[PDB]
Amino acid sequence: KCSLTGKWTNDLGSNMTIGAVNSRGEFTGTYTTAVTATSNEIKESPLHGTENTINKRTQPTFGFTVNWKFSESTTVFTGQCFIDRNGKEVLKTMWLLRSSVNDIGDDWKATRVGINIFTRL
């Protein structure tokens, strides 16, 4: 079965640690990003997410939110826990990074879209 619980690392170099996901399929962890869109000083931020358990799947669909402690932005990732053809766990995730604009008119450019493959760290 693919499991979210553990230390992971991604193609960018950010590390993330998810804990035991309870019955409700919920979990928490911490995210130490390696890069930032803000020239602010990076700090390990909290992560609180959730995984799907409808048909107690082996390679479950999930999604979590990162509360950025060093910026006013938020980031959400959705992905799936896969067991790659080489027998190892990989998380293919896609994210949306929302920035904080002032007047509602600037909103058209407050969202970035990207990829991230997390491997067991």
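Numbers for residues come from their place in the sequence shown, where the first is 1.
**Message:** Which is higher on mean Cα B factor in this entry, 3-11 or 110-118?
**Reply:** Per the PDB entry, the higher value belongs to 3-11.
**Request:** Name the higher of the two by mean Cα B-factor in the PDB entry, 30-38 versus 68-76.
**Result:** Comparing 30-38 with 68-76, the higher mean C-alpha B-factor belongs to 30-38.
**Asked** Taking the Cα B-factors listed in the entry, which of 90, 54, 47, 96 comes out highest?
**Response** Of the candidates given, the C-alpha B-factor peaks at 54.
**Request:** Taking the chain's C-alpha temperature factors as the reference, tell me which third residue 86 falls into: lowest, middle or highest.
**Result:** Ranked within chain, residue 86 CA B lands in the middle tercile.
**Item:** Entry-reported Cα temperature factor of residue 16, expressed as the chain third it lands in
**Value:** CA B-factor rank for residue 16: lowest third.
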